[PDB]
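Below is one structure; the comments refer to it alone.
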Amino acid sequence: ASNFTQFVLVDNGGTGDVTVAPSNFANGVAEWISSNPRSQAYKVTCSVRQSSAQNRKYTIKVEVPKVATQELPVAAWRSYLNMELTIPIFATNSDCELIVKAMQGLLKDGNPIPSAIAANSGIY
Amino acid sequence: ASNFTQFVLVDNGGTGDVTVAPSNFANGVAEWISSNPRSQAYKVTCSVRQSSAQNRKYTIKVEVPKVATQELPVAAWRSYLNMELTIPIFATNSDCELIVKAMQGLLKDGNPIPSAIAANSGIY
Amino acid sequence: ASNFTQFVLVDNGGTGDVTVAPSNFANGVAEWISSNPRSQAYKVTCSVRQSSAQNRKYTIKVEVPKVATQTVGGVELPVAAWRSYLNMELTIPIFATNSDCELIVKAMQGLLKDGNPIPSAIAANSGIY
Amino acid sequence: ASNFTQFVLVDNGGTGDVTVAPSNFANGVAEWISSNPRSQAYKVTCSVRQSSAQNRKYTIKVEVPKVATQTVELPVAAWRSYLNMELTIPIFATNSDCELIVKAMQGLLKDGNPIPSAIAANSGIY
Amino acid sequence: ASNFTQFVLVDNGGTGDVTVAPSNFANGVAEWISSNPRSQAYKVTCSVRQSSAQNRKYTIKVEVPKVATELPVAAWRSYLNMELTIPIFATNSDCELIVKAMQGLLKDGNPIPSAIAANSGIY
Amino acid sequence: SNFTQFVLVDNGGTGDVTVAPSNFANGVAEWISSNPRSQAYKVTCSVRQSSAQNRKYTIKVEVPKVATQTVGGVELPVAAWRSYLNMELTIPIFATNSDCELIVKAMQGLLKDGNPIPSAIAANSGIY
């Protein structure tokens, strides 16, 4: 019943895929990392908590490294995703499924926001 | 050249789809909303700015309403997504495309985090 | 594809209309100007923001110039002798449907329609009594 | 001979027109009301005063109610849209100058133009 | 129909021209950049506002990077800051004249662009 | 000396505005179209070490609206108003002459006819 499992973070077609695997759990925070050394690893974390009388709040983070040798194995830099999702306690399973779909549609290929990010440009 | 365009936020198969359309732009914040009344609308915003000498930072928000009549047309409640993505200025187009894919893989159907959200449960 | 477009501010029957054209956009404020020099231009601005949890608020401004020529030494500059300033604030609750908003627009139109008291009073620069 | 008269605020083509009628005058403020109960009424006010040595200032207000019944049933406005208009006219303005100012206000809000179209969609100009 | 469009910043004769394209707009500031990564990009910004009762002020910035033809970086950057004040009384012809003054200032063969291009002062 | 007269406003060989060297003091080179200064176009240029690694050019241009004002009851040459350009250019000390030539071309392309920014200025409008 444990949903703390390995998954594909970057799908490149079965070959060259970036998988992240469970590596730590502490204080409600589940952690995935792609591989050692951690300096060069993709990182994913997730936690959820009661943020108010009427809301649940997920905090989800992803770190995407630029992998370079500089001679330490290091990330030349990191892109950081910080995601917060608040869901009211009145939400049904269907409500939550709808919310997931909204998040997916937001970032689907060809849509404005992911297209802008992909070009490191703004919406105008 | 304006990327401020209407798109599908919730894909339900061509019928019953939730589309959001451009409705406002102010202070670097682009806004989409599905329809009037706004009290019941899906909402999407996006802005991006220089957060440090070396980073660009996107702030992306989505509001998913639970549409109910209570007699005001209202949202019984709202789920709020607050998304922050920091990208270093050294990032190429390919780097940014990779980051988008990481975000997509994070939320793909069947993966741990979207599955947990869909059940309003935690990772354990 | 944007609604930031030129329009007729003073309709004089299609001839010698006062048109205002898009000229600036900053901090959510759209600006139209009739022509250069700006000193003699009609100006229109529009902005809207969330003013409270339950209200959107439009701020609309119009400047009508009295167009003169400013002569001092024997130096002429194109100027407005003076300006009339309209400041319009409209709050619309987030519960408003398309029909609600259309109705609000009609109320504004009816307020200022020819022959009705308030525009008649303004046209005579007199009060309502 | 007084200009404080009833008029059509919302012209719907002779059926369900919203007329507002004189109902109050105090401290220079003329008020029109559509009907009782006031809780559900369209309301219009107008006043004008010398705002500076060289300017007069009109303050014109309109309230558009959303007419509901909130349930003990009260006749109420579920909400109200509030228009506040301030118009300053210099004392040098002729009759013609003032007629021009009115026309500018009218053209601003004419059907099909950007600003009334944006309001009608509860959207911004961008 | 918007004037926020891509243009040639450095004309090299159709071969290795430096083009800059719209990339951001916020708080009245239009931004162009040549390409990603931004670390190596040419950058252009433009904004304009009422600076006084009778004047409007354009603020124009250009960044020229030194970029080779390992982290992608600029070996260094040159910064242009331009401020132009135009009175509200200026006609179309007046504004066109002001632009021409700016163009003549920097035209090939003229003293100031010749001095800059030669890494020298005028004295 | 590179301190020479040039055409500031090219009107096509007809009523061109030239500015000629008129002053040098405290590192500032000055050109003016003609006397009296009340009606003159003016250009100044100076350069200095602004930091350990940068030289900084400070370039100013004044465009007058040229009128004639009559004062009891003589006609004075005046500017009805003035447009002011203040231009600052920072160049790192590592830049070669070729690098500097490239920077100049960038400034030229910035302001070339038909491009957005000079088009916006010419209409006294913004970029949007």
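Convention: sequence-line order gives letters A, B, ...; per-chain numbering from 1. Just so you know, these numbers use all the heavy atoms, side chains as well, and skip hydrogens, waters and symmetry mates.
Both the backbone and the side chain of B:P22 have a heavy atom closer than 4.5 Å to some heavy atom of chain D.
Note that NZ of D:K66 and CG of B:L72 are 9.5 Å apart. Values are rounded to the nearest 0.5 Å. Within the model, atoms OG of B:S35 and CG of D:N122 stand 11.5 Å from one another, a figure rounded to the nearest 0.5 Å.
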Under the side-chain contact (heavy atoms from CB on, under 4.5 Å) rule, what do D:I125 and B:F25 come out as? Steps first, then yes or no, please.
CA-CA 8 Å; D:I125 300 291; B:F25 194 99; over 6 Å; no
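Across B:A30, B:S2, B:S23, the residue that shares the most heavy-atom pairs under 4.5 angstrom with chain D is B:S23.
Environment of CD in D:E73: sparse, with no more than 12 heavy atoms of neighbouring residues, nucleotides or ligands closer than 6.0 Å.
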